[PDB]
There are 4 protein chains.
Amino acid sequence: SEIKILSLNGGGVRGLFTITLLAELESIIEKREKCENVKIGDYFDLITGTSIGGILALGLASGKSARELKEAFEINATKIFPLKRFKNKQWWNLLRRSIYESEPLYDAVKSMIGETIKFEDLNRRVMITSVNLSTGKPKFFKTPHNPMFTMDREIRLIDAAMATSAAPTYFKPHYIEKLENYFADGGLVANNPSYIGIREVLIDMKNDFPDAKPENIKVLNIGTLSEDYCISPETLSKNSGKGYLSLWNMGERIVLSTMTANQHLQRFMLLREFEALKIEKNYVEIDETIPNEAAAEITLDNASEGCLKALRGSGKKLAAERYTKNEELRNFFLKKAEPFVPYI
Amino acid sequence: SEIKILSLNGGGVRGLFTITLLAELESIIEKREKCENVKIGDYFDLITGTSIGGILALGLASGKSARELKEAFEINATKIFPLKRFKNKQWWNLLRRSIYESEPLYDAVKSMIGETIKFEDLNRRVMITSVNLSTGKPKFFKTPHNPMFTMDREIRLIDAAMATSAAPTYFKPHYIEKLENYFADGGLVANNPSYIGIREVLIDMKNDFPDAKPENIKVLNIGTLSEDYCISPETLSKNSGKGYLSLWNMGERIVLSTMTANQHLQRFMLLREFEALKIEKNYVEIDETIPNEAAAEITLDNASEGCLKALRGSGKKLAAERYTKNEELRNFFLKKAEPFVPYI
Amino acid sequence: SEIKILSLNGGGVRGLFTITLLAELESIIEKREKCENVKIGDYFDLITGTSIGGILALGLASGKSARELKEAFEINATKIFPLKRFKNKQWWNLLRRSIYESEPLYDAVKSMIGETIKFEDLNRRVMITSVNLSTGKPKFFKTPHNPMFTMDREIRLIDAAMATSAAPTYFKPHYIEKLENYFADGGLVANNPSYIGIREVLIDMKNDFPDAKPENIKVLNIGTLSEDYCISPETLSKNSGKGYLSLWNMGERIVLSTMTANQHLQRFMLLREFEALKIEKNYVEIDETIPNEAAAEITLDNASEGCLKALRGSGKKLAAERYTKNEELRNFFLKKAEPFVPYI
Amino acid sequence: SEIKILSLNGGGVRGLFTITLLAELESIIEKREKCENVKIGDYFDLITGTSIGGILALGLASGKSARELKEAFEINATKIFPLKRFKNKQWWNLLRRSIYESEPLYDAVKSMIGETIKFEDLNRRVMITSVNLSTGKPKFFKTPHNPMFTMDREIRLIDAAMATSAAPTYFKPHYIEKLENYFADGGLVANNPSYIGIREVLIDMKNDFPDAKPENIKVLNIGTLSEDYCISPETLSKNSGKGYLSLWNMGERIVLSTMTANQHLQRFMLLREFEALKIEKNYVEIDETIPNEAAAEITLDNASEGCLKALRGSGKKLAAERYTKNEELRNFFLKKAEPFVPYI
Ligand SMILES: Nc1nc2c(ncn2[C@@H]2O[C@@H]3COP(=O)(O)O[C@H]4[C@@H](O)[C@H](n5cnc6c(N)ncnc65)O[C@@H]4COP(=O)(O)O[C@H]3[C@H]2O)c(=O)[nH]1
Ligand SMILES: Nc1nc2c(ncn2[C@@H]2O[C@@H]3COP(=O)(O)O[C@H]4[C@@H](O)[C@H](n5cnc6c(N)ncnc65)O[C@@H]4COP(=O)(O)O[C@H]3[C@H]2O)c(=O)[nH]1
Ligand SMILES: Nc1nc2c(ncn2[C@@H]2O[C@@H]3COP(=O)(O)O[C@H]4[C@@H](O)[C@H](n5cnc6c(N)ncnc65)O[C@@H]4COP(=O)(O)O[C@H]3[C@H]2O)c(=O)[nH]1
Ligand SMILES: Nc1nc2c(ncn2[C@@H]2O[C@@H]3COP(=O)(O)O[C@H]4[C@@H](O)[C@H](n5cnc6c(N)ncnc65)O[C@@H]4COP(=O)(O)O[C@H]3[C@H]2O)c(=O)[nH]1
């Protein structure tokens, strides 16, 4: 047996790299296998996403090809993140209102996945991570692969996508009318949903895969040019005895360390678990650390055509290179995954 | 076979409840079993801790009884959190320097565990969760239960204890001279180390327990009167359109939502995993929620005499009741755990 | 055989959570079982209520669906607790006259249950708790499931609902013309009618169920977001030597402690009784403690839009979660309860 | 087999009537049976008390005769309620500090039972009711008749007696050092512990009495001249629309109505349950209503020698009258109850 999981991280604009890599991968399969109408979502038994990766995960699960999702991203990339609002991010605007607007994101997501499709209408298993601000617990939107799951069978995908992409300071929290709860970005809990995806197969998807073990689970994780955050040695050495304004400038250093360490933590337990089982090859991670000079330019919410070119170029480059070398990456697209038929 | 794990959460001054419950548990075993000189750390194969729970974890691992640690806690509680610094938590002080000081905490830990004991001298396995601010990854101090471990064999316990208790704003980051790195509180990654404790037995603790499975693992997670943080519904309804002043009042609401959701998540994977194999009884959690009026009084760093009595009273109360009803709690102290000898 | 009991607590506006949970339960049964025109009151052989839970109990007993009562409550919630009077809860008003008015509550119940239905017309057994102020003994309004019971046969249902909701300080005592006696809130003797509901089946309902024992009795107690009241440790430590103004500020602390202790006691007798017979699973209690920040806003009489959203959101979320996990909750709706025919 | 339970209510100085009735009954047994040194505590398998009834319950459980306690109560009654107090019970005094003092009560109780006696040393089963002000839940002090619990074995009886007699407005809350919790009068929870005594036998005392049913249980409840409380019809009719100052004059009319209705409710379940099994003769209640003219004179804190004579006279005449008529009363003292041996 074999279970394939596709995991997308959250990277805001950097999700363009995630979708460009998948779009380039789709073209390679079409050319090499002499196939047509190749959808990258047909090769995975479960698709997990977070933040901008959640929106792409819902689109792939809905039935749209990565190439179609790729085109909608570039057109709406400059609309989700307007240049005027991107330039104006001073402290007075930061402490008065949330940066950017939610309507352009709503219109962008509406174009890709739609506005009326619900989780019970999906033929592909999905999981979208989110944080329930009203309660404080993390809420995970997912298709009813568990027959007893009746909480979000009638929740529109556009609500889950908009909830998981509501960055605490980059967008206002998303209000879901069907649940009467406000939600925040899913990156506050699992910015890398690779680990929790394996947990779902061994816990929730026990009806389609009764004899499921981590040995028979292959994870294809597509990063968003992850940047390992850390406090500058000069800042730590000289300002460790200061508070807030100098060290932990406002909430910035405390939150960024919290997400980065938590993201590192969940990545570690995945690596440790596969190491102990001698199945480290099952976790196929496709990511590339962005250089220092490009880091100052390619930010979380930079939609300039110069930065858009670099992300598209990196996605095409990694897709071609990793397909040539990583044999396990090629084994992912050897056979189409069975469609998810909900059990009633 | 049986493997027993003790997990202690981090809550600053509320750790008095954690140690009072263990101290009360020690006296109960002495009276009912008619034995003398009973140490609560002799019944566990691994002790995990975080923040104040980490400091108590090192005390039990070293060989000091919970009653001795409890006595040192009350005397040092006022010194760790002086009333002069506690009342002066205004913004013009928090924006300039971190409140409280590390020296009073250093002496409290020194009288608790010692000053020259190193991880290679311990006869009991232990975790200490921490965040490496210099690198951004979480750093876990632990005894060499894995024979290939050479990083903390020559690290003093007092350095690990001060690293895990270095709250981002309540204390300055702890600088370990032997590692040349600055460390922060371990509650940023795992306020409840119960889940990561189970992972240790199946991953690194294989030299002593080769056939280790979650079925043969019993966890005694002692709470710290955990408070389920959430955004006020009036605030969310009225201030969702604002940013960083009304909603997310400075960084406070972002961090608390992040840690609580992460702490909720790790407990959720913990509960979901045990429920999968129908061994939910293996996880024993001893914790209760603080009433609304008391929660306003019992804060993270309140060392008032009235608050100390409530924490001590709650620990004595819960220990007696849970021992009577929870048979699984009584099964922990049926046999002493074998001493851990490092492999050379 | 099997006897099913529904018990509802009194929480003022928090009863919206009680009816929202019941309303969403009705939709789940309709969606999963493909049924139509489902009523949550047709699956219970006895319905017990108190205060705002008594009004909902009377509505379900007559034959109204939980969804209709939910819609009626939302429209009238603002009317019952006007913002002008809610904000004007100062000391001169409280010392001169009762807060709020009875006529808006009278109209709300009138549009919810009617104004002419009497206890002899009901086809479902119900019991409503109240306090007879004229005599001092607790008076219980109930349908004549006992053939010898002729006291409430010819009394309107709205009078019982009006009587049980007459909070001592939030409403004026309700005067029943047919009985010539004044009545107060039913929460003074039983805020949780779960225990007294079991006694009724074994004492009064002996004709329909001759061989009735607690093993065949299942109770579905729907909470009202109960809060565990206690005196703050700072108040107890510093003001135990004072009187009234400081400790027991007027009658507030005495009445709250007496009501909370009595409510805790009756629940304790239920848990002790069931655990002695190894039938603890028969008591299905669906309740959740409010977080400290939310508990400040969500009070007994706050009808603001933000608070109403949270109560509705919690009910929707709780109903979905417990239905998936708790198998005993699902077993309640496996078969409709037999209609109650008053024997003559 | 038969199980005999003695239950004593709480009425302050009215407990002198309870002890006088108990002391007189000893004299009749001595005269009729021609025996020497008869203690009524040896004829009961469980003794339950509340407030002043709890203090007498502990004295009987220790092994002291009722006559000895009657002599001690007579001299100490004036000191417990000094005539300097009870005459200056002005509103400002009550608005500032609690009336009376605990030290005269503490010294009085010490002469009754002692100071070093503990529950584990008792040879008779006892159960004392109290409410934990720190937690809000009722706390019941009892001997270890069920060996599986260990909380009160090392608590002095004088602490339980002080806790259960701590009237919220007549005495300051009692602080127990061994538990770090404040306590109040048990009359708030159960002023008549007759009902909870039956549940204690059928739940906790399953070791000595495994096959225990309510049929084989006889209860001898000795009241303290209980007076039913009801709001005056003139006040109710005229001040129904008023608040506090007129209707519910401060907390008085709310606490009293809540207290008397809860006491009525608990007695009602005892009556209703016994009628169901047709064992109404088992509940032998010895109490009479105080005439109206002396009702205003004989209060719960009146230490005048005239009221003491009336209480002594009522107890002396009730014991003689009931013994001749009530055959079931005589059957209580037919055989001595087996001593309580705490199983270890
Ligand atoms: N997400 C979800 N939950 C549902 C659904 N129908 C019923 N439920 C129930 O609601 C509970 C809470 O859902 P949540 O997503 O808000 O919280 C979740 C989420 O925060 C987390 N979680 C779920 N799956 C996870 C996973 N695979 N990895 C890591 N964390 C996970 O654990 C919580 C408890 O999961 P659970 O399966 O024991 O309980 C569910 C589950 O029993 C449904 O359609 N979706
Ligand atoms: N903690 C530790 N690590 C040691 C020691 N000697 C060598 N090492 C090595 O250093 C690596 C990083 O240590 P860390 O504790 O800073 O990061 C750790 C810690 O952040 C996390 N981790 C470790 N055990 C964990 C656990 N049980 N649960 C959750 N996370 C855990 O994963 C990281 C990688 O663990 P690993 O065992 O694969 O690699 C170790 C391990 O191979 C040693 O004495 N202690
Ligand atoms: N409630 C009620 N009582 C009736 C009716 N017709 C005749 N009665 C009689 O009037 C008595 C006083 O009614 P109450 O409800 O005001 O007091 C009740 C009520 O305060 C309480 N009670 C009744 N059922 C209870 C129950 N199931 N659980 C707890 N307490 C209960 O005990 C009191 C006396 O019990 P009871 O039912 O034997 O006495 C009834 C009963 O014998 C009638 O239609 N309703
Ligand atoms: N009463 C008591 N309980 C003890 C002791 N040692 C351990 N415990 C445990 O602590 C729990 C709570 O004690 P509490 O007396 O403060 O609350 C008690 C008390 O408030 C109430 N209660 C106990 N016995 C009762 C009874 N017979 N009738 C009515 N209410 C009763 O119910 C609560 C829960 O009782 P429980 O037996 O299930 O759990 C006990 C019991 O398991 C002990 O010495 N006494």
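Laboratory data are not the source of any read-out in this text; all were calculated from the coordinates shown. Ideal geometry is used to build each Cβ from the backbone, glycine not excepted, and the neighbour counts take in all protein chains shown.
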With everything on Cα atoms, drop me the angle between helix C:305-325 and the longest principal axis of chain C, reported from 0 to 90° to the nearest 10. 40 degrees
Principal-axis tilt of helix B:15-33 within chain B, Cα atoms, nearest 10 degrees: 30 degrees
Treating only the Cβ atoms of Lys and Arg (+1) and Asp and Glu (-1) as charged, compute the dipole magnitude of the protein assembly as shown about its Cα centre; round to the nearest 20 debye. 1860 debye
Identify all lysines with a Cα-Cα distance to D:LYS64 below 16 Å; exclude those on the same chain that are fewer than 8 residues away in sequence. D:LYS39, D:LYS110, D:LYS118, D:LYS336
Stokes-Einstein D (µm²/s) once Rh is taken as the Kirkwood radius of the range B:190-344 over alpha-carbon pairs, at 4 °C in 1.567 mPa s: 69 µm²/s
For chain D, give me the percentage of DSSP beta bridges that are antiparallel, rounded to the nearest 5 percent. 40 percent
Where is the GNM fluctuation largest for chain C (alpha-carbon springs, 10 angstrom cutoff): C:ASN292, C:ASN331, C:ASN207? C:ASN292
Show me, bin by bin at 10 Å from 0, the whole-percent P(r) of the range D:192-282 based on Cα pairs. 14, 34, 23, 17, 10, 2
Options C:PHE73, C:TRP92, C:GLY63, ranked by Cα towards positive dipole end of the range C:50-96, top entry (Cβ charges): C:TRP92
How compact and how long is the protein assembly as shown, expressed as Rg and Dmax of its alpha-carbon atoms in Å? 33.9, 114
Largest fluctuation, C:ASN132, C:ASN88, C:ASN249 only, Gaussian network model of chain C with Cα springs under 10 angstrom, belongs to C:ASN249
How high is the FRET efficiency between A:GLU252 and B:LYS178 when r is their beta carbon distance and R₀ equals 25 Å, given to the nearest 0.05? 0.25
Check: the range D:76-213 dipole with +1 on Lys, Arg Cβ and -1 on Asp, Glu Cβ, in debye: 640 debye
How far is D:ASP287 from itself in the other copies, in nm, if each label sits 7 Å out from Cα along the Cα-Cβ line, shortest first? 2.7, 4.5, 7.2
Short version: ³J(HN,Hα) in whole Hz for each residue of the range D:129-142, in order, from phi by Karplus 6.51 cos²θ - 1.76 cosθ + 1.60 (θ = phi - 60°), x for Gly and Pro, what are they? 9, 7, 10, 7, 5, 5, 9, x, 8, x, 10, 10, 7, 8
Neighbour cut-off at most 14 other Cβ (10 Å), DSSP loop, trypsin sites (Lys or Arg not before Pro), the range D:276-313: D:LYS278
Could you state the number of Å between the C-alpha centres of the range D:32-68 and the range A:187-260? 68 Å
Highest-fluctuation residue, D:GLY59, D:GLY306, D:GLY241 considered, GNM on chain D with Cα pairs under 10 Å: D:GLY241
For A:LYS317, place a label point 7 Å out from Cα along the Cα→Cβ vector, do the same in each other copy, and report the separations in nm, one decimal, smallest first. 4.4, 6.3, 10.8
Please get the size of the charge dipole for the range C:199-344, origin at its Cα centre, with Cβ charges of +1 on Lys and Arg and -1 on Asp and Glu, quoted in debye to the nearest 20. 180 debye
State the answer as a single residue: which of C:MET269, D:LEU157, B:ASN216 lies farthest towards the positive end of the charge dipole of the protein assembly as shown, with beta carbon charges of +1 for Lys and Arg and -1 for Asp and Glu, about the Cα centre. D:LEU157
Rounding to the nearest 10 and keeping the result within 0 to 90°, find how far the Cα-based axis of helix D:52-62 lies from the longest principal axis of chain D. 20 degrees
Which chain D residue puts its Cβ closest to the axis that rotates D onto C, and at what distance in whole Å? D:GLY251, 1
In whole Å, what are the Cα extents of the range B:79-120 along the three principal axes, biggest one first? 44, 18, 10
With both bridge residues required to lie in the range A:11-154, what share of the DSSP beta bridges run antiparallel, to the nearest 5%? 60 percent
Residue-wise, which Karplus ³J(HN,Hα) couplings in Hz belong to the range A:252-263, taking 6.51 cos²θ - 1.76 cosθ + 1.60, θ = phi - 60°, and x for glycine or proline? 5, 6, 5, 5, 4, 4, 5, 5, 5, 5, 5, 4
Convert 37 °C to kelvin, take the viscosity as 0.692 mPa s, use the Kirkwood radius over C-alpha pairs of the range D:6-143 as Rh, and evaluate the Stokes-Einstein diffusion coefficient in µm²/s, rounded to a whole number. 202 µm²/s
Taking the C-alpha atoms of chain D, how large are the radius of gyration and the largest Cα-Cα span, Dmax, in Å? 19.7, 64
Using the beta-carbon distance between D:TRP91 and B:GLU215 and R0 = 60 Å, what value does 1/(1 + (r/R0)^6) give for FRET efficiency, to the nearest 0.05? 0.35
Counting only helical runs of four or more DSSP H residues, what would the 222 nm mean residue ellipticity of chain B come to if each run contributes -39,500 (n - 2.57) and the total is spread over all its residues? -13000 deg cm²/dmol
Nm distances between copies for D:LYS34, ranked from closest, using label points 7 Å along Cα→Cβ: 4.6, 8.8, 12.3
